[PDB]
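One chain is shown next in structure tokens, namely the form deposited in one PDB entry.
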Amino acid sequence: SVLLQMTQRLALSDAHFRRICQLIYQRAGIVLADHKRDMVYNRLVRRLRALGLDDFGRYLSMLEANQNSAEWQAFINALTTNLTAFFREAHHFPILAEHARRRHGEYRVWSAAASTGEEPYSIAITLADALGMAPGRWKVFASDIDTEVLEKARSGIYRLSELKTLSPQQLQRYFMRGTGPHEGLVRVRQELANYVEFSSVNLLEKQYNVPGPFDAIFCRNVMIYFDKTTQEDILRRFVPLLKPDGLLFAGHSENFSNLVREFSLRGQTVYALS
């Protein structure tokens, strides 16, 4: 009753790995480590198979040849790191609500690395609680370079355990719980989902197609995958996108001020135009 399986087993050479690293760096600015190679292999072989290739050299050539193919997106999605959580670095939220309470008119926020949507929905919940759900008062724009995580973000479905940081009131007001097969699952209510717009934006663009200026820009835990030149380039692009007294929120381990002096620290990893 034994019938050994065996599906296609290809080989990622040192040379090919180095090539993958250069390509993603030039494209998305992401700097990969040598300890991610087994991971890179497991996620990329699936592309080789789907396309019917059995050579990493041939795959990389189709990519290098055609700089605009849809395959470039599958390549990117395979190598990004999307770890996130609802209300991560929670100290930022009371600060945002504080800022919003002042700046009247339309309060606009840009979440520059949305991942699967946890950060933008955290922002929306904070604003809905602070300002109330009323059309015209505030809006959240969210983007990411990865289209797989953006599609999940757009669906707004999460497992109830991922929401341990919400109060029973936020849960009731902003989500619908599931029953039967898809239970233990909740979905963001359409009412709250209408206040956030999702779009794919690669931070390495020399020009962003975003509805700025913004009162606040969240750029948390992404700069960590880029190098300093790349980081400085992006930060300088955020400058014209910030309204006069706007806020730039960075990730726990990021220090922006040391990259561009036009930014100044104001709170727990929060910057303001100097």
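Between two forms, the rigid core is the largest collection of C-alphas that superpose within 1.5 Å. Residue positions are given as counts along the sequence shown, with the first one as 1.
One more form of this protein, deposited in another entry, exists but is not displayed; see below.
Once the rigid core is used as the reference frame, the Cα position of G52 differs between this form and the one not shown by 2 Å or more.
Once both forms are overlaid on the rigid core, the distance between the two CA positions of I224 between this form and the one not shown is under 2 angstroms.
Fitting the two forms on the rigid core leaves the C-alpha of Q207 displaced by under 2 angstroms between this form and the one not shown.
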